[PDB]
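entry14.pdb (PDB, C-alpha atoms and all ligand atoms)
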ATOM      1  CA  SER A   7     109.255 102.587 101.760  1.00  0.00           C
ATOM      2  CA  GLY A   8     107.362 103.962  98.784  1.00  0.00           C
ATOM      3  CA  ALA A   9     104.687 106.379  97.611  1.00  0.00           C
ATOM      4  CA  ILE A  10     102.069 107.000  94.911  1.00  0.00           C
ATOM      5  CA  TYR A  11     102.392 110.359  93.087  1.00  0.00           C
ATOM      6  CA  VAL A  12      99.133 111.363  91.381  1.00  0.00           C
ATOM      7  CA  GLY A  13      98.337 114.944  90.333  1.00  0.00           C
ATOM      8  CA  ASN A  14      99.433 117.205  93.194  1.00  0.00           C
ATOM      9  CA  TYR A  15      99.158 114.426  95.804  1.00  0.00           C
ATOM     10  CA  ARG A  16     101.624 112.033  97.468  1.00  0.00           C
ATOM     11  CA  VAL A  17     100.037 108.873  99.034  1.00  0.00           C
ATOM     12  CA  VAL A  18     102.129 107.081 101.677  1.00  0.00           C
ATOM     13  CA  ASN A  19     101.633 104.614 104.542  1.00  0.00           C
ATOM     14  CA  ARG A  20     100.500 106.756 107.513  1.00  0.00           C
ATOM     15  CA  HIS A  21     103.072 105.052 109.766  1.00  0.00           C
ATOM     16  CA  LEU A  22     105.911 106.049 107.358  1.00  0.00           C
ATOM     17  CA  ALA A  23     104.772 109.672 106.794  1.00  0.00           C
ATOM     18  CA  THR A  24     107.546 112.252 107.251  1.00  0.00           C
ATOM     19  CA  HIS A  25     107.509 115.615 109.049  1.00  0.00           C
ATOM     20  CA  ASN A  26     107.057 117.258 105.589  1.00  0.00           C
ATOM     21  CA  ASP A  27     104.066 114.966 104.810  1.00  0.00           C
ATOM     22  CA  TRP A  28     102.342 116.093 108.050  1.00  0.00           C
ATOM     23  CA  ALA A  29     103.170 119.778 107.341  1.00  0.00           C
ATOM     24  CA  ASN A  30     101.482 119.460 103.885  1.00  0.00           C
ATOM     25  CA  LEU A  31      98.609 117.217 105.087  1.00  0.00           C
ATOM     26  CA  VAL A  32      95.550 116.777 102.871  1.00  0.00           C
ATOM     27  CA  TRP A  33      93.900 113.733 104.529  1.00  0.00           C
ATOM     28  CA  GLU A  34      94.828 110.827 106.820  1.00  0.00           C
ATOM     29  CA  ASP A  35      93.083 107.771 108.239  1.00  0.00           C
ATOM     30  CA  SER A  36      94.657 105.671 110.989  1.00  0.00           C
ATOM     31  CA  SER A  37      92.137 102.852 110.427  1.00  0.00           C
ATOM     32  CA  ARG A  38      93.400 102.514 106.795  1.00  0.00           C
ATOM     33  CA  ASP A  39      97.143 103.236 107.420  1.00  0.00           C
ATOM     34  CA  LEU A  40      96.982 105.982 104.752  1.00  0.00           C
ATOM     35  CA  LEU A  41      98.162 109.589 104.581  1.00  0.00           C
ATOM     36  CA  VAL A  42      97.964 111.964 101.604  1.00  0.00           C
ATOM     37  CA  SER A  43     100.102 115.135 101.384  1.00  0.00           C
ATOM     38  CA  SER A  44     100.228 117.916  98.768  1.00  0.00           C
ATOM     39  CA  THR A  45     103.088 118.313  96.229  1.00  0.00           C
ATOM     40  CA  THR A  46     104.272 121.197  94.017  1.00  0.00           C
ATOM     41  CA  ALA A  47     105.253 118.956  91.060  1.00  0.00           C
ATOM     42  CA  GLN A  48     102.773 116.935  88.938  1.00  0.00           C
ATOM     43  CA  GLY A  49     102.791 113.176  89.689  1.00  0.00           C
ATOM     44  CA  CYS A  50     103.826 110.231  87.483  1.00  0.00           C
ATOM     45  CA  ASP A  51     101.064 107.690  88.467  1.00  0.00           C
ATOM     46  CA  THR A  52      97.381 107.064  87.598  1.00  0.00           C
ATOM     47  CA  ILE A  53      94.760 105.262  89.805  1.00  0.00           C
ATOM     48  CA  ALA A  54      92.757 102.164  88.822  1.00  0.00           C
ATOM     49  CA  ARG A  55      88.941 102.485  89.049  1.00  0.00           C
ATOM     50  CA  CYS A  56      87.914  98.822  88.883  1.00  0.00           C
ATOM     51  CA  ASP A  57      87.201  95.599  90.784  1.00  0.00           C
ATOM     52  CA  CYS A  58      90.323  93.624  89.782  1.00  0.00           C
ATOM     53  CA  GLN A  59      91.424  90.920  92.238  1.00  0.00           C
ATOM     54  CA  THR A  60      94.701  90.080  90.421  1.00  0.00           C
ATOM     55  CA  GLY A  61      97.730  92.273  89.850  1.00  0.00           C
ATOM     56  CA  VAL A  62     101.468  92.660  90.317  1.00  0.00           C
ATOM     57  CA  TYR A  63     103.260  94.214  93.315  1.00  0.00           C
ATOM     58  CA  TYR A  64     106.816  95.407  93.918  1.00  0.00           C
ATOM     59  CA  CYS A  65     108.673  93.644  96.780  1.00  0.00           C
ATOM     60  CA  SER A  66     111.715  95.676  97.911  1.00  0.00           C
ATOM     61  CA  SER A  67     113.052  92.815 100.105  1.00  0.00           C
ATOM     62  CA  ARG A  68     113.469  90.732  96.909  1.00  0.00           C
ATOM     63  CA  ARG A  69     114.097  93.602  94.386  1.00  0.00           C
ATOM     64  CA  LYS A  70     111.351  91.899  92.291  1.00  0.00           C
ATOM     65  CA  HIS A  71     107.753  92.155  91.118  1.00  0.00           C
ATOM     66  CA  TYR A  72     105.369  89.278  91.886  1.00  0.00           C
ATOM     67  CA  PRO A  73     101.904  88.442  90.516  1.00  0.00           C
ATOM     68  CA  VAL A  74      99.143  88.078  93.204  1.00  0.00           C
ATOM     69  CA  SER A  75      95.497  87.128  93.644  1.00  0.00           C
ATOM     70  CA  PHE A  76      94.061  89.319  96.494  1.00  0.00           C
ATOM     71  CA  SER A  77      90.875  89.595  98.526  1.00  0.00           C
ATOM     72  CA  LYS A  78      88.398  92.481  98.139  1.00  0.00           C
ATOM     73  CA  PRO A  79      88.982  95.468 100.497  1.00  0.00           C
ATOM     74  CA  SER A  80      87.755  94.511 103.979  1.00  0.00           C
ATOM     75  CA  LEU A  81      88.077  94.990 107.768  1.00  0.00           C
ATOM     76  CA  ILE A  82      90.893  92.732 109.020  1.00  0.00           C
ATOM     77  CA  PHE A  83      92.395  92.340 112.493  1.00  0.00           C
ATOM     78  CA  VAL A  84      96.045  93.510 112.677  1.00  0.00           C
ATOM     79  CA  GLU A  85      98.057  92.742 115.803  1.00  0.00           C
ATOM     80  CA  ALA A  86      99.773  95.482 117.854  1.00  0.00           C
ATOM     81  CA  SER A  87     102.908  96.963 116.363  1.00  0.00           C
ATOM     82  CA  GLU A  88     105.463  99.742 116.956  1.00  0.00           C
ATOM     83  CA  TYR A  89     103.023 102.282 115.421  1.00  0.00           C
ATOM     84  CA  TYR A  90      99.498 101.029 116.250  1.00  0.00           C
ATOM     85  CA  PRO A  91      97.609  99.242 118.976  1.00  0.00           C
ATOM     86  CA  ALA A  92      95.865  95.941 118.107  1.00  0.00           C
ATOM     87  CA  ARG A  93      92.937  97.015 115.861  1.00  0.00           C
ATOM     88  CA  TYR A  94      90.897  96.290 112.748  1.00  0.00           C
ATOM     89  CA  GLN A  95      92.438  97.898 109.658  1.00  0.00           C
ATOM     90  CA  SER A  96      89.810  98.804 107.046  1.00  0.00           C
ATOM     91  CA  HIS A  97      90.040  98.732 103.208  1.00  0.00           C
ATOM     92  CA  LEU A  98      92.781  96.018 103.443  1.00  0.00           C
ATOM     93  CA  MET A  99      93.355  93.347 100.762  1.00  0.00           C
ATOM     94  CA  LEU A 100      95.324  90.178 101.558  1.00  0.00           C
ATOM     95  CA  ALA A 101      97.333  87.933  99.258  1.00  0.00           C
ATOM     96  CA  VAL A 102      99.838  85.118  99.413  1.00  0.00           C
ATOM     97  CA  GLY A 103     103.282  86.607  98.702  1.00  0.00           C
ATOM     98  CA  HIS A 104     106.528  87.485 100.389  1.00  0.00           C
ATOM     99  CA  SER A 105     106.768  90.638 102.489  1.00  0.00           C
ATOM    100  CA  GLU A 106     108.827  92.100 105.374  1.00  0.00           C
ATOM    101  CA  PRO A 107     108.105  95.377 107.323  1.00  0.00           C
ATOM    102  CA  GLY A 108     110.330  97.563 105.081  1.00  0.00           C
ATOM    103  CA  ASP A 109     108.272  96.454 102.039  1.00  0.00           C
ATOM    104  CA  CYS A 110     105.473  98.862 103.078  1.00  0.00           C
ATOM    105  CA  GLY A 111     104.931 101.435 100.327  1.00  0.00           C
ATOM    106  CA  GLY A 112     105.496  99.029  97.390  1.00  0.00           C
ATOM    107  CA  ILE A 113     102.875  99.592  94.706  1.00  0.00           C
ATOM    108  CA  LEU A 114     100.243  97.021  93.622  1.00  0.00           C
ATOM    109  CA  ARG A 115      99.046  97.590  90.009  1.00  0.00           C
ATOM    110  CA  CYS A 116      96.490  95.897  87.765  1.00  0.00           C
ATOM    111  CA  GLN A 117      95.953  96.526  84.008  1.00  0.00           C
ATOM    112  CA  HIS A 118      93.989  99.732  84.902  1.00  0.00           C
ATOM    113  CA  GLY A 119      96.532 101.491  87.094  1.00  0.00           C
ATOM    114  CA  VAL A 120      97.590 101.729  90.723  1.00  0.00           C
ATOM    115  CA  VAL A 121      95.407  99.673  93.089  1.00  0.00           C
ATOM    116  CA  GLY A 122      97.116 100.288  96.444  1.00  0.00           C
ATOM    117  CA  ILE A 123     100.304 100.034  98.536  1.00  0.00           C
ATOM    118  CA  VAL A 124     101.809  97.308 100.767  1.00  0.00           C
ATOM    119  CA  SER A 125     100.740  97.964 104.370  1.00  0.00           C
ATOM    120  CA  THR A 126     100.799  94.631 106.333  1.00  0.00           C
ATOM    121  CA  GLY A 127     102.209  91.127 106.058  1.00  0.00           C
ATOM    122  CA  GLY A 128     103.034  87.881 107.743  1.00  0.00           C
ATOM    123  CA  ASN A 129     104.324  84.351 107.175  1.00  0.00           C
ATOM    124  CA  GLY A 130     103.964  84.226 103.390  1.00  0.00           C
ATOM    125  CA  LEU A 131     101.177  86.859 103.372  1.00  0.00           C
ATOM    126  CA  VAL A 132     101.190  90.448 102.061  1.00  0.00           C
ATOM    127  CA  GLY A 133      98.398  93.006 102.713  1.00  0.00           C
ATOM    128  CA  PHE A 134      97.665  96.107 100.600  1.00  0.00           C
ATOM    129  CA  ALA A 135      95.857  99.303 101.567  1.00  0.00           C
ATOM    130  CA  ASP A 136      93.353 100.011  98.745  1.00  0.00           C
ATOM    131  CA  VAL A 137      93.217 103.460  97.144  1.00  0.00           C
ATOM    132  CA  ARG A 138      90.669 102.803  94.311  1.00  0.00           C
ATOM    133  CA  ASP A 139      87.754 104.272  96.264  1.00  0.00           C
ATOM    134  CA  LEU A 140      89.499 107.653  96.772  1.00  0.00           C
ATOM    135  CA  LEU A 141      87.920 109.336  93.777  1.00  0.00           C
ATOM    136  CA  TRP A 142      89.192 112.785  94.723  1.00  0.00           C
ATOM    137  CA  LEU A 143      92.823 111.726  94.009  1.00  0.00           C
ATOM    138  CA  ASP A 144      92.115 112.365  90.239  1.00  0.00           C
ATOM    139  CA  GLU A 145      90.871 115.931  90.645  1.00  0.00           C
TER     140      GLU A 145
HETATM  141  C1  LIG B 201     104.742  94.381 104.920  1.00  0.00           C
HETATM  142  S1  LIG B 201     104.499  94.663 106.668  1.00  0.00           S
HETATM  143  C2  LIG B 201     104.976  93.131 107.421  1.00  0.00           C
HETATM  144  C3  LIG B 201     105.388  92.028 106.678  1.00  0.00           C
HETATM  145  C4  LIG B 201     105.765  90.861 107.335  1.00  0.00           C
HETATM  146  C5  LIG B 201     105.743  90.797 108.707  1.00  0.00           C
HETATM  147  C6  LIG B 201     105.331  91.891 109.446  1.00  0.00           C
HETATM  148  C7  LIG B 201     104.949  93.077 108.824  1.00  0.00           C
HETATM  149  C8  LIG B 201     104.637  94.272 109.700  1.00  0.00           C
HETATM  150  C9  LIG B 201     103.163  94.661 109.703  1.00  0.00           C
HETATM  151  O1  LIG B 201     102.309  93.958 109.196  1.00  0.00           O
HETATM  152  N1  LIG B 201     102.843  95.815 110.340  1.00  0.00           N
HETATM  153  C10 LIG B 201     101.469  96.325 110.335  1.00  0.00           C
HETATM  154  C11 LIG B 201     101.457  97.785 109.855  1.00  0.00           C
HETATM  155  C12 LIG B 201     100.022  98.281 109.881  1.00  0.00           C
HETATM  156  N2  LIG B 201      99.491  98.596 108.704  1.00  0.00           N
HETATM  157  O2  LIG B 201      99.363  98.288 110.929  1.00  0.00           O
HETATM  158  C13 LIG B 201     102.409  98.646 110.713  1.00  0.00           C
HETATM  159  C14 LIG B 201     103.833  98.067 110.626  1.00  0.00           C
HETATM  160  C15 LIG B 201     104.784  98.800 111.558  1.00  0.00           C
HETATM  161  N3  LIG B 201     105.989  99.056 111.072  1.00  0.00           N
HETATM  162  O3  LIG B 201     104.438  99.115 112.706  1.00  0.00           O
HETATM  163  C16 LIG B 201     103.824  96.605 111.089  1.00  0.00           C
HETATM  164 ZN    ZN B 202      91.922  96.811  87.428  1.00  0.00          ZN
END
Whole structure given in structure tokens:
Amino acid sequence: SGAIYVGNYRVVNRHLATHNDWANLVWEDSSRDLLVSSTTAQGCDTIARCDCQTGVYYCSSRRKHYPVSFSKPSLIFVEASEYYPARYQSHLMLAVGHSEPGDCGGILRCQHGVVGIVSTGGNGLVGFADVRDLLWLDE
């Protein structure tokens, strides 16, 4: 679980969005596993606008932060799951690091701000949905 709170927006994994997220929907994209809902309170986070490929992410299944080197956002095949058919997920960045399904929502940050959230993983891999291209999150 986890979310980004920026301005009057809440960014979550689309597959973990609540009934309240859908009732306050701003934008969603199944191919990216992202959903953005509106909030009444002002957020605590800021978004990176950069091309960093290193950063630190929070791993709830270890209660720890880990440093990572990750690939640039790209179209990657993700096998069928409880929430999606087998498909290509876009804007996904992979890295070597521990993750389990419940780690989705953990934030990845670089020196410039929030980069994205955990969205996929595997046998010693962790994948992050990028948010740096969503320029409208800052206005
Ligand atoms: C950190 S996730 C992880 C980690 C280790 C091993 C397996 C996973 C699960 C994972 O990769 N999923 C893909 C995700 C998606 N973005 O399509 C939907 C997730 C779901 N709950 O249906 C399953
Ligand atoms: Zn950066």
Using all atoms listed in the file, find each residue of chain A with at least one atom at most 12 Å away from an atom of ligand ZN 202 (chain B); report its shortest atom-to-atom pair and that distance in Å (one decimal), sort the rows by chain and rising residue number, and return the result as a tab-separated table.
residue	atom	partner	partner_atom	distance
A:52	CA	B:ZN202	ZN	11.6
A:53	CA	B:ZN202	ZN	9.2
A:54	CA	B:ZN202	ZN	5.6
A:55	CA	B:ZN202	ZN	6.6
A:56	CA	B:ZN202	ZN	4.7
A:57	CA	B:ZN202	ZN	5.9
A:58	CA	B:ZN202	ZN	4.3
A:59	CA	B:ZN202	ZN	7.6
A:60	CA	B:ZN202	ZN	7.9
A:61	CA	B:ZN202	ZN	7.8
A:62	CA	B:ZN202	ZN	10.8
A:76	CA	B:ZN202	ZN	12.0
A:114	CA	B:ZN202	ZN	10.4
A:115	CA	B:ZN202	ZN	7.6
A:116	CA	B:ZN202	ZN	4.7
A:117	CA	B:ZN202	ZN	5.3
A:118	CA	B:ZN202	ZN	4.4
A:119	CA	B:ZN202	ZN	6.6
A:120	CA	B:ZN202	ZN	8.2
A:121	CA	B:ZN202	ZN	7.2
A:122	CA	B:ZN202	ZN	11.0
A:136	CA	B:ZN202	ZN	11.8
A:137	CA	B:ZN202	ZN	11.8
A:138	CA	B:ZN202	ZN	9.2
For this session: Give me the result of the PyMOL selection byres (((not hetatm)) within 8 of (chain B and resi 201)) on this file, residue by residue, as a PyMOL selection string.
Result: chain A and resi 19+21-22+38-39+84-90+95+104-110+124-133
For this session: Would you mind listing what lies within 10 Å of residue 71 (chain A) as an NGL selection string, with all atoms listed in the file counted and same-chain residues fewer than 4 positions away left out?
Result: :A and (62-66 or 112-114)
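Nearest-residue note for residue 32 (chain A): choosing from A:50, A:81, A:143, A:135, the minimum distance belongs to A:143, counting all atoms listed in the file.
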Name the residues captured by the PyMOL selection byres (((chain A and resi 27) around 10) and not hetatm) when it is applied to the shown file; answer as a short mmCIF file (atom, residue, chain, number, x, y, z; two decimals) with C-alpha atoms, in the coordinates of the input.
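Once written, result-v9.cif looks like this:
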data_model
loop_
_atom_site.label_atom_id
_atom_site.label_comp_id
_atom_site.auth_asym_id
_atom_site.auth_seq_id
_atom_site.Cartn_x
_atom_site.Cartn_y
_atom_site.Cartn_z
CA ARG A 16 101.62 112.03 97.47
CA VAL A 17 100.04 108.87 99.03
CA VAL A 18 102.13 107.08 101.68
CA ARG A 20 100.50 106.76 107.51
CA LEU A 22 105.91 106.05 107.36
CA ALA A 23 104.77 109.67 106.79
CA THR A 24 107.55 112.25 107.25
CA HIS A 25 107.51 115.62 109.05
CA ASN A 26 107.06 117.26 105.59
CA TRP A 28 102.34 116.09 108.05
CA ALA A 29 103.17 119.78 107.34
CA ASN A 30 101.48 119.46 103.88
CA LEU A 31 98.61 117.22 105.09
CA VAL A 32 95.55 116.78 102.87
CA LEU A 41 98.16 109.59 104.58
CA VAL A 42 97.96 111.96 101.60
CA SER A 43 100.10 115.14 101.38
CA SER A 44 100.23 117.92 98.77
CA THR A 45 103.09 118.31 96.23
#
For this session: List the residues selected by the PyMOL selection byres (((chain A and resi 93) around 6) and not hetatm) in the file shown, writing them as a count of residues only.
Result: 4
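The coordinates place CA of residue 72 (chain A) at 24.8 Å from CA of residue 140 (chain A).
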Problem set entry | Distance in Å - CA of residue 111 (chain A) versus CA of residue 40 (chain A) | 10.2 Å
If you take every atom of region 110-125 of chain A that the file lists and fit an axis-aligned box around them with 4 Å extra on each side, what centre and edge lengths come out in Å to one decimal, as AutoDock Vina command-line options?
--center_x 99.7 --center_y 98.8 --center_z 94.2 --size_x 19.5 --size_y 13.8 --size_z 28.4
For this session: Enter the distance from CA of residue 49 (chain A) to CA of residue 145 (chain A), in Å, rounded to one decimal.
Result: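 Pair CA of residue 49 (chain A) / CA of residue 145 (chain A) returns 12.3 Å.
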